[PDB]
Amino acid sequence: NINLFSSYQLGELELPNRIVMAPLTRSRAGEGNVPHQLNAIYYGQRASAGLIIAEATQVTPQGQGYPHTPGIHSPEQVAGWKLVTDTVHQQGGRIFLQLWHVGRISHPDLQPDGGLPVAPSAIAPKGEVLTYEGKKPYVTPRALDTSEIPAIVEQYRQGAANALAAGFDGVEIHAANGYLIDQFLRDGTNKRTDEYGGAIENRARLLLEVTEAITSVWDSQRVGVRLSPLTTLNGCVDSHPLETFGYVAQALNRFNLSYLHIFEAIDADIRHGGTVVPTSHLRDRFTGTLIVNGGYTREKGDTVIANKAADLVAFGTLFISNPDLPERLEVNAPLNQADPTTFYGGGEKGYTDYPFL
């Protein structure tokens, strides 16, 4: 009888429970986009998680899309992250870094030399983007040259190697939520005619090349991949998600990864006519550990673990507001309510001051 509190062997790591802290952008980086002691407190408070996945962290300057998100490209950023991984480990936890490149979800004001954001195809996102001068229309991104794709892969590889020097236990590739890798995956955002567009094998090529590079830095059992098959976030949608994401799930098996992590969009059932990509399809296709996420509770999480539908369950919103979420779930305690107005930016309030039981 396994449940949310059962231990799990994740490669060489013993996880004390099946509860994962999902990656959560909090936009509280310091000067130079460097993590600092307040960030270390925040993650240290949550070290009872079976595994923490740290917030999306840009692997290279062009991969930033929102003010004040941390990076993992500079020595100062490695040193600030070391504060965080030191604290997590002192508190008996385990933490992977989520490696990010936003692709077209950015603005020139956030890019080096005021350049265009890069993408598979020159398609401006709809709406507005936050900059250091407030909100502005998105611009049309530049479509990467075929010859530039090795440089993207190398930026992810270096980001991964910097994460290893920062003392993380592993890394998660952010291939979800309409960021650069997802922009290549999905046919709504990828109109390319080279070997990185068209057929699914081509649209998955960036993800597979990034994963191969990262597994040359980390033991593969310390490398995870996140997908979000039915999100519509950031204007990024695929016309045949079952075929696209089922293919990806199988194609990742060669790498013997730590896990596949599925963010199950909250509106999937009500949007369209029903869920077009049952997570069970991906569970059957991917031969390793599966993390599921999206609206979980004690009762939903226990159910998926008991019936072999997933191995780990990640919680986002509840970990914002409940630093001791595992303890609270275990004893059916009250749960603190998350305050969205302090999700992003700021200081201790809405970050490290949510109370423990």
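Sequential numbering from 1, following the sequence displayed.
Mean C-alpha temperature factor, higher of 51-59 and 306-314: For C-alpha atoms only, the mean B-factor is higher in 306-314.
Average Cα temperature factor in the PDB entry - higher stretch of 325-333, 36-44: Higher mean C-alpha B-factor in the PDB entry: 325-333.
Candidate residues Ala119, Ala268, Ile214, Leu260, the one whose C-alpha B factor the record puts highest: Checking the PDB record, the top C-alpha B-factor among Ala119, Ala268, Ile214, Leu260 is at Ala268.
Most elevated Cα B-factor in the entry, residues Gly80, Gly273, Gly167, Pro229: Answer for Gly80, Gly273, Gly167, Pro229: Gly273, with the highest C-alpha B-factor.
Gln155 by Cα B-factor - lowest, middle or highest third of the modelled chain: Lowest third of the chain for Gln155's C-alpha B-factor.
Position of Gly30 among the chain's modelled residues by C-alpha B-factor, lowest, middle or highest third: Tercile = middle for this residue's CA B-factor.
Third of the chain, ranked by Cα B-factor, where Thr69 sits: Lowest third - that is where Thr69 ends up once the chain's C-alpha B-factors are sorted.
Relative C-alpha B-factor of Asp113, binned into the chain's lowest, middle or highest third: Its C-alpha B-factor, which the entry lists for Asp113, ranks in the highest third among residues of this chain.
Record-listed C-alpha B factor of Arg222: chain third: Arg222: CA B-factor falls in the lowest third of its chain.
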